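In: This one's experimental. Sequence and coordinates below.
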Amino acid sequence: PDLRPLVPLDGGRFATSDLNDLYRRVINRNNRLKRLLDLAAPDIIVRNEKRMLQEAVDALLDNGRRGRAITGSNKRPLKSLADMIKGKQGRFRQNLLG
Amino acid sequence: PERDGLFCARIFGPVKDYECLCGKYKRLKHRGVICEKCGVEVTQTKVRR
Amino acid sequence: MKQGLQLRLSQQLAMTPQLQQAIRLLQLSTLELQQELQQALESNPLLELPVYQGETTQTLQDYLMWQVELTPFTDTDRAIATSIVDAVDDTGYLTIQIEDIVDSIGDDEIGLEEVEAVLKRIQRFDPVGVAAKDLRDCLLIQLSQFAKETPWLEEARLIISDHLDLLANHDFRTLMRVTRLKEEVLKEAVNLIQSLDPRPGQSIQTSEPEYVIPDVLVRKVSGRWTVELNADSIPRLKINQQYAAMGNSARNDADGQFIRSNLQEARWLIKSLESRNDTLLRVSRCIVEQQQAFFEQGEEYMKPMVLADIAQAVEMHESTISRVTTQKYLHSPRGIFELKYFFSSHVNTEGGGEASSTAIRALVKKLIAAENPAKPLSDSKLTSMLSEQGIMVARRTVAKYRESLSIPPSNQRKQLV
Amino acid sequence: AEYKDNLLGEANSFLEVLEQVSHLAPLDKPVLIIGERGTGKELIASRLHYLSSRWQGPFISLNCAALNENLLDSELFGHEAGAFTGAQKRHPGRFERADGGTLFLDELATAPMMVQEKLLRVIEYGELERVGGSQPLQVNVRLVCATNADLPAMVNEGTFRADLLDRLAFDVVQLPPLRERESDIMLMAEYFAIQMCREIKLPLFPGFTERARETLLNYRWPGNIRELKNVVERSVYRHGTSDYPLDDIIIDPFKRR
Amino acid sequence: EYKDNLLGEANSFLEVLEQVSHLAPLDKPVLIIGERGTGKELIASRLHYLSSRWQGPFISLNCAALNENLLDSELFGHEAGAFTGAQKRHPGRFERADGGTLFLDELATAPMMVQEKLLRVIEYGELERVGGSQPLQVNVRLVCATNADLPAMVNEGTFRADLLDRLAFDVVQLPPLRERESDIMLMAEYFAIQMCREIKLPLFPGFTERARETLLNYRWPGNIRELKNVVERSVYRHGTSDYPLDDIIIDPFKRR
Amino acid sequence: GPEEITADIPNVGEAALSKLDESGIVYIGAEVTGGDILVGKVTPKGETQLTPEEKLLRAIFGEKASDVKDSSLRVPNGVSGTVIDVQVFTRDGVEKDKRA
DNA sequence: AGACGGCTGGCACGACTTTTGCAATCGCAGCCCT
DNA sequence: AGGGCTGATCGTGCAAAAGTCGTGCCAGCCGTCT
Ligand SMILES: Nc1ncnc2c1ncn2[C@@H]1O[C@H](COP(=O)(O)OP(=O)(O)O)[C@@H](O)[C@H]1O
Ligand SMILES: [Mg+2]
């Protein structure tokens, strides 16, 4: 959590984004799969949920490559674990004495 | 901090001070012990990172 | 049409009490109800950077640690100083005793004298309020920092030395007799003690993020406005229509039955949400029936409110209204109050009226405002004032309201002029 | 504090009655009004309730003649349970209306003897009759009365028991007759005409005729109520576009041509 | 416009209509002096047409027949009291139309307590309830109609004098079928057209002088009920006849 | 609880408050340099138990009880100037208006 | 310098609230036991 | 060949014991004046 600060905008809501939105998606999706299989679910729904889960993990790793995830009221993509590595605004940038 | 979730105790490390989340064993006299009602190592805040 | 125990008509209704219905009520769990609904919707099949400045002082605790480290201290001395600094509260008083610190040290060579010397060096730390003792000791430190030209400084020191109990009880007679205090000299000493910076660490913690939840709205523009109770925050979640069509198109009969069961559960959830919204709207109407009267009349002019009476006016179940009241908040132009706080306690009043306990408390607070600063109004005086107001509240009721209003004791609140 | 609007008239009897009402206002004793039909005794009783009762005291206007079923009159006394077809919820409220207030009634002549006797056995001791099995309540409620018939007349008829008639009639408030008032009647008529002109939202002055005043004097007008004055004002209202109306109709069936 | 039901060409009818229009502009009690079968809410229909609540039609429905206890229940209805359950203010006369004008009929059968309740309704008064207190006050105007001379009943002591007087703020006399003589032919023609429409008859095939003479000789107790029966008989007969077919009359009993 | 402006800042000198008016805002036309207080605002704190320590502190000192924290508006550093005019807006339903 | 007084707070008793702990029996009829 | 019997679906309440508040009231104590 120390690498993904809460950064309250209004103080009323912490509103963690770009670092916890995808984590929240994958966490809830995985919980749904994990109690889903123990209920002897039919094949169609379980494969659909697993496909959702694989897509969500892919978006968490790389959103620009596969899929388009946007924030509330903003169409801009999210900054995945690779986004803060690559590009002009990655860790490698500003590492060169920026 | 939540229970078994993001930004939670018993995971990622202790809280801002050496004081435990439950409230007991809140002192530097505790250096490596872990409470019963709450499982948290009594250490610094920097380790949370 | 007055015969008794005649032929019994056939009952055409049932209670039908279902745990599903009670969960649907959710006791108006609000955000908790939202979380439960999210959990169910997850369990229900076919259902539904920033600036990051990160810069702030650590309530001067980091500043204190740096300053102590800035001062030349030995490695063992630095460790002892760090331990002492860790034993600092937000107010600035040490939580642990010197014996506790010595025990935490766990060194036979470590002694009470060395610990005291370290604390005294630590006591004269960089910022004010580093006394780690009673504010009287902090007051002594401030007086030492203050110029010696201040009048009655010696008298204040003598009082704080061993006459602190006399000052605490505001026993001016005995304190003056013991200390030979002059007339109005105690006033000067009290004025000096006013500028003593009590709880200095509180001012250092200037940061204080605001915390508030929207919940219900009582804007009431132009009167009786239907200020939605956070309708934006209401989930209003719905099941997946496409998945439902897939379930409707399911070839397997068992799969179709499972889809039908899921659809029945979704209909139950929709009924629960509709019931919650309807209950919220009815409660809003019932409150607005008299809320404007209370708002205009004032807190001291608050009529008693009965949950049973409100339910009867709304014509819904009384237990349902009681459950809805729990864990419910209603923000208003005056402020944000709980639904129980929205309701009013019942107390007898004169002239054929009922006065809220909060109303009586607010009246008592207003009366306490109109009092001699030197001598606090007695509870007997408060009872006399209430009798003047004609609220049919005796000394016991006045005392209860004062406890609600946290009125200080007459002797304790008494002070020199 | 607040005074209800009343017609202006030079009736020293009305002022004396008002003063007597004021004198009995601090008092809490039964009050009887000898008001005849249409005398507006109810308005006088309400004005008393403003002052005779404690400020903002509960008031209730229940007429015994309005009672439909004597069984319901029993229900007017509180029923605990097991009464009527449905005993689920029972709250007569009349005693609750009585509690912390006074009792006002009109034309108490029509009551059955049992009703009057129960009323006496309740008022004199102060206890409340309960239709369902319960301990009676000593509700402190004042009693105000207003009837047309003479109390001695009923005593000769025997409707009211001597104990009931006496304990029922502690103070006597004779209402002045409308026919008794002549000049005060004219002044109150003018005031009611002004009030009616205000109510009808007609800017033009109503106006009057001397023959109309003479006819109104001829009219018996047994009821001093605003209702008779309202009938007069309606007869005026049938005429429009004239500053001062001429003539009036005693009844709509009258002068049908 | 309320379809201008029962358009009475009589000048007295027009004056009564103008008076009713004046009363509908008002919101005070008014008495309708009617007779059996005459003015059966037609004046009430005109009043609703000219009602201050023109957009929101009043309850109307003055006509009602019920037992004494039944009428009392219609006055006051509580869920717990009486035989019926879970329905309080089941009649809801004031609840039927807020404001507007409360309409009543056959007030003669009302009891003295019922008449007193009516009087309290005439003035500013609270609602009637079997149990509890009814502080609820719903403002609404008053309209009523009976076929008798209540002055005699008050003289006979069969109704409350105060109710009779206060209710009789302005009595609206009504004309009966016997009053309508010249307009009778027009009413017959209008009823014939309406029946031809309702019975799917092509049109009014025409009248007969014998039929008109019989209708005139007919007592015709109802202002429109006699007209309604004559129209129904003529529609049933001429629908097959496709001709005037002399006079078709409706009798409750038929022999030979 | 709500926050109000009443210029009762603890742990502050009278000289800093010597220019502040009773409601808390500064008089029109003043000058300012550094981090001088402009508007006096405080933040309420949650109540505590009996807690004899600050109970005694309140009995001796009082009127603060550590109920509020110093959260007043101050001028940014490295800024010096003079004031022209002030302005305050209050929402309907609140009518404190000490110096509004 | 022992008693007047008012406070305060515990102690008690009715009067209002309120929470949790409560669901069968179907009418289908085919399958299994006898 | 005849009986048993099995699970689908079956929707806004309440009340009763418990708790808790309103109100009053007594017992001691310290500030005090005698
Ligand atoms: N002095 C007065 N001034 C104005 N109005 C009066 C006066 N006396 C009687 N009235 C009117 O008479 C009307 C009925 O009076 P009253 O006969 O007392 O009522 P009730 O029929 O209930 O006895 C009331 O509406 C009231 O306005
Ligand atoms: Mg009357």
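Out: Structure's in. What do you need? Numbers count the residues shown, from 1 in each chain, chains lettered A, B, ... in the order given. Ligands and ions are numbered 1, 2, ... in the order given.
In: can stretch D:220-231 be found next to ligand 1?
Out: Yes. Under the criterion of Cβ under 6 Å from any ligand atom, ligand 1 is reached by stretch D:220-231 at D:224, D:225, D:226. The way it works is simple: take the backbone N, C-alpha and C, and place the C-beta from them, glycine included.
In: any idea how far residue D:123 is from residue C:21?
Out: Between residue D:123 and residue C:21 the computed distance is 50 Å (Cβ to Cβ, to the nearest Å).
In: out of these two, which sits in the busier spot?
Out: residue D:123 (19 against 15; other Cβ atoms under 10 Å in any protein chain shown).
In: correct me, but that one touches residue D:167?
Out: Yes. Under the criterion of Cβ atoms under 8 Å, residue D:123 makes contact with residue D:167 at 6.8 Å.
In: Find the residues that touch each one of those two.
Out: residue D:30 (Cβ atoms under 8 Å, 6 or more residues apart in numbering or on different chains).
In: Return the member of the residues of stretch D:220-231 next to ligand 1 nearest to residue C:117.
Out: Minimum distance to residue C:117 across the residues of stretch D:220-231 next to ligand 1 is 97.7 Å, recorded for residue D:226 (Cβ to Cβ).
In: Skipping its backbone neighbours, what lies nearest that closest one in space?
Out: Leaving aside its chain neighbours, residue D:226 sits nearest to residue D:192 (6.6 Å; criterion: Cβ to Cβ, 6 or more residues apart in numbering or on different chains).
In: just residue D:114 next, same as before
Out: Counting by Cβ to Cβ, 6+ apart, residue D:114 lies nearest to residue D:70, which is 8.0 Å off, once chain neighbours are set aside.
In: what does residue D:248 give?
Out: Closest to residue D:248 by Cβ to Cβ, 6+ apart is residue D:235, at 3.9 Å.
In: cool, and residue F:98?
Out: Leaving aside its sequence neighbours, residue F:98 sits nearest to residue F:23 (Cβ to Cβ, 6+ apart; 4.0 Å).
In: Next, name the residue at the spatial heart of the chain.
Out: Using chain A. Nearest residue to the geometric centre of chain A (Cα atoms, centre = their mean): residue A:22, 1.8 Å.
In: Chain B was what I was after
Out: Centroid-nearest residue in chain B: residue B:14, 3.2 Å away (criterion: Cα atoms, centre = their mean).
In: secondary structure element for that one?
Out: Under DSSP states H and E, no helix or strand contains residue B:14.
In: Surely it touches residue B:38?
Out: No. Contact criterion Cβ under 8 Å: residue B:14 and residue B:38 do not qualify, at 10.1 Å.
In: tell me, what's touching the two both at once?
Out: Common contact partners of residue B:14 and residue B:38 (Cβ under 8 Å, 6+ apart): residue B:20.
In: now the strands for the chain?
Out: Looking at chain A here, since you left the chain open. Counting by DSSP state E, one finds strands in chain A at the ranges A:70-71, A:74-77.
In: my question was about chain C
Out: C:216-217, C:329-331, C:336-338, C:348-349, C:353-354.
In: Any part of the third one near chain A?
Out: No. Residues of strand C:336-338 are not located near chain A by Cβ under 8 Å from any Cβ of the partner chain, the shortest gap being 11.9 Å.
In: what's near enough to touch whatever residue of the stretch 1-150 of chain C ends up closest to chain B?
Out: Using Cβ to the nearest Cβ, the single residue of the stretch 1-150 of chain C nearest to chain B is residue C:104, 4.0 Å away. Residue C:104 makes contact with B:27, B:28, B:29, C:83, C:96, according to Cβ under 8 Å, 6+ apart.
In: if we go to 7 Å?
Out: Contact analysis of residue C:104 by Cβ atoms under 7 Å, 6 or more residues apart in numbering or on different chains lists B:28, B:29, C:83.
In: Could you tell me how far it is located from residue C:94?
Out: 12 Å.
In: ditto for residue A:88
Out: Taken as Cβ to Cβ, the span from residue A:88 to residue C:94 is 51 Å.
In: higher neighbour count, the two?
Out: When residue A:88 and residue C:94 are compared for neighbours, residue C:94 comes out ahead with 20 against 7, by other Cβ under 10 Å.
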